[PDB]
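Single-structure report; data block below.
Just so it is clear, the values below take in all heavy atoms, side chains as well, and ignore hydrogens, waters and symmetry mates. Numbers for residues simply follow the sequence, beginning at 1.
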Amino acid sequence: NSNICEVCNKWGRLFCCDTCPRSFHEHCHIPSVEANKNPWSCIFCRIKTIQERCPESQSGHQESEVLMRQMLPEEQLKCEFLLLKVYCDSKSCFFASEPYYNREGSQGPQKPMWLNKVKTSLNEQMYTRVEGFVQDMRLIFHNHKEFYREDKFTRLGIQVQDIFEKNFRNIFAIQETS
Ligand SMILES: [Zn+2]
Ligand SMILES: [Zn+2]
Ligand SMILES: [Zn+2]
């Protein structure tokens, strides 16, 4: 197995996947690495299994259909994985913890949002449909863009949003378009 966490790329107290060479810190994996379970399979392996059990799941889908899906166990897992893929980018540090807003010429957002709050919301099964999760994720970046206006820091929001959206299209097999 790898000697660094797949998500944060640091060594430390790592838990190793039994079905692929990835390793994780306990709270870097989503959901948090399970207490017992031998063998243990990580979220990458669990997602690959879903795909392999239902090859047709990789045919293209309409986003509108995906968003209306109820958060049954497979959709819950897919949102957990998509959240993890965003944490895998180092620029996610800007969006992880609760933000605050005091900048001359801007007003903070009406509904602040951040990745750790989404992580808790998923853990506590607060989303009933995929739409709930996706709206909160997208709000993170939209708030950032709106607040930082013309400061070049706005680009961090564009960059992390692009990582989100590419992984959303991949994980939920959204029909390719120009
Ligand atoms: Zn880690
Ligand atoms: Zn694995
Ligand atoms: Zn089948």
Side-chain angles (χ1 to χ4, degrees), residues 1-36 38-93 95-96 113-138 140-141 160-176:
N1 290 66
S2 180
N3 309 331
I4 58 170
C5 180
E6 189 78 359
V7 184
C8 72
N9 303 101
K10 297 293 196 283
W11 179 75
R13 180 62 194 98
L14 299 171
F15 303 83
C16 287
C17 188
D18 291 312
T19 48
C20 79
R22 300 174 173 94
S23 310
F24 307 79
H25 295 102
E26 173 165 18
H27 302 301
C28 281
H29 195 272
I30 306 178
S32 290
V33 168
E34 296 75 4
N36 202 283
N38 322 61
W40 181 70
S41 272
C42 80
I43 190 158
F44 294 78
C45 286
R46 295 169 64 187
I47 290 288
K48 181 205 308 301
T49 297
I50 307 312
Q51 278 162 28
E52 290 176 346
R53 289 177 157 161
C54 286
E56 66 269 30
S57 74
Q58 305 156 278
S59 292
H61 299 84
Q62 299 298 112
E63 183 176 304
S64 61
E65 180 267 321
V66 170
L67 297 179
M68 293 310 306
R69 294 184 191 165
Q70 294 176 20
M71 291 279 255
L72 298 181
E74 287 186 354
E75 303 315 311
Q76 178 74 30
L77 194 76
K78 287 176 162 212
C79 292
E80 286 164 350
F81 189 47
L82 175 47
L83 182 54
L84 176 137
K85 288 293 198 141
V86 169
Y87 280 104
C88 290
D89 197 280
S90 65
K91 298 156 175 286
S92 71
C93 70
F95 298 107
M113 192 47 62
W114 57 101
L115 298 167
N116 298 346
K117 188 175 171 66
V118 181
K119 180 180 283 201
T120 295
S121 295
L122 272 173
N123 176 249
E124 293 186 7
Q125 303 162 299
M126 299 287 291
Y127 298 115
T128 61
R129 286 171 199 276
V130 176
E131 189 173 49
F133 167 80
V134 175
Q135 286 172 339
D136 284 351
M137 294 291 289
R138 287 176 172 166
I140 295 169
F141 314 113
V160 185
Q161 179 154 21
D162 194 45
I163 296 295
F164 176 73
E165 292 297 340
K166 283 180 196 271
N167 284 277
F168 175 68
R169 291 189 304 264
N170 176 258
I171 292 169
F172 287 93
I174 298 293
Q175 176 56 52
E176 290 272 298

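With a 4.5 Å cut-off on side-chain heavy atoms, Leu83 and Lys119 count as touching. The shortest side-chain heavy-atom distance between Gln58 and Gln51 falls under the 4.5 Å cut-off. In this structure, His29 and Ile43 have side chains that are in contact, with non-hydrogen atoms separated by less than 4.5 Å. At a threshold of 4.5 Å between non-hydrogen side-chain atoms, the residues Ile30 and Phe81 do not count as touching. Using a 4.5 Å heavy-atom threshold, the side chains of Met68 and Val130 count as separate. With a 4.5 Å cut-off on side-chain heavy atoms, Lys85 and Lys166 do not count as touching. The shortest distance between side-chain heavy atoms of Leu14 and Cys5 falls below 4.5 Å. Two residues are said to be in side-chain contact when any heavy atoms from C-beta on lie closer than 4.5 Å; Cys42 and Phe24 meet this criterion.
Across every non-hydrogen atom of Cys16 and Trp40, the tightest pair is O-CE3, 3.3 Å. Summarising the geometry of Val160 relative to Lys91, their closest heavy-atom pair is CG2-CB, 3.7 Å, with the distance given to 0.1 Å. Nearest heavy-atom pair across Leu84 and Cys28 is CD1-O, 3.6 Å. In terms of heavy-atom proximity, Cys45 sits nearest to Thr19 at SG-OG1, 3.1 Å. Of all non-hydrogen atoms in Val134 and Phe164, the two that sit nearest each other are CG1-CZ, 4.2 Å.
For the atom pair OH (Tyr87) and SG (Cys8), the distance works out to 12.5 Å, reported to the nearest 0.5 Å. Separation of atoms CG (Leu82) and CD1 (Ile163) is listed at 11.0 Å; rounding is to 0.5 Å. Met137 contributes atom CE, which lies 10.5 Å from atom CE of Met113 (distance to the nearest 0.5 angstrom). In this structure, CZ on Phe133 lies 9.5 Å from CD on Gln76, to the nearest 0.5 angstrom. Here OG of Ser57 is found 12.0 Å from CD1 of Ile171. Values are rounded to the nearest 0.5 Å. With rounding to the nearest 0.5 Å, the separation of NZ in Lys78 from CG in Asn167 is 12.5 Å.
Within a 6.0 Å radius of CD in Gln62, other residues, nucleotides and ligands contribute 12 heavy atoms or fewer. Counting non-hydrogen atoms of neighbouring residues, nucleotides and ligands closer than 6.0 angstrom, the CD atom of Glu65 exceeds 12 such neighbours.
The closest donor-acceptor contact from the side chain of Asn116 to the backbone of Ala96 lies under 3.5 Å. Between the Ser23 side chain and the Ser2 main chain, a donor and an acceptor come within less than 3.5 Å of each other. Checking side-chain atoms of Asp136 against main-chain N and O of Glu131 turns up no donor-acceptor pair under 3.5 Å. In this structure a side-chain-to-backbone donor-acceptor pair under 3.5 Å is missing from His61 to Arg169. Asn123 contributes no side-chain N or O that, together with a main-chain N or O of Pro31, makes up a donor-acceptor pair within less than 3.5 Å.
A cation-pi arrangement is not found for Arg69 relative to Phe172, the charged atom failing to lie both closer than 6.0 Å to the ring centre and inside a 45° cone about the ring normal. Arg13 forms a cation-pi arrangement with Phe15, by the criterion of a distance under 6.0 Å to the ring centre and an angle within 45° of the ring axis.
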Quiz item: Does the salt bridge (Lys or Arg N to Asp or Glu O under 4.0 Å) test come out yes or no for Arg138 and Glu165, once each step is laid out?
Solution: CA-CA 9 Å; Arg138 287 176 172 166; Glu165 292 297 340; 2.9 Å; yes
Practice problem: Determine, step by step, whether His25 and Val7 satisfy the side-chain contact (heavy atoms from CB on, under 4.5 Å) criterion, reporting the C-alpha distance in whole Å, the side-chain angles of both residues, the deciding distance to 0.1 Å, and the verdict. | Solution: CA-CA 8 Å; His25 295 102; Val7 184; over 6 Å; no
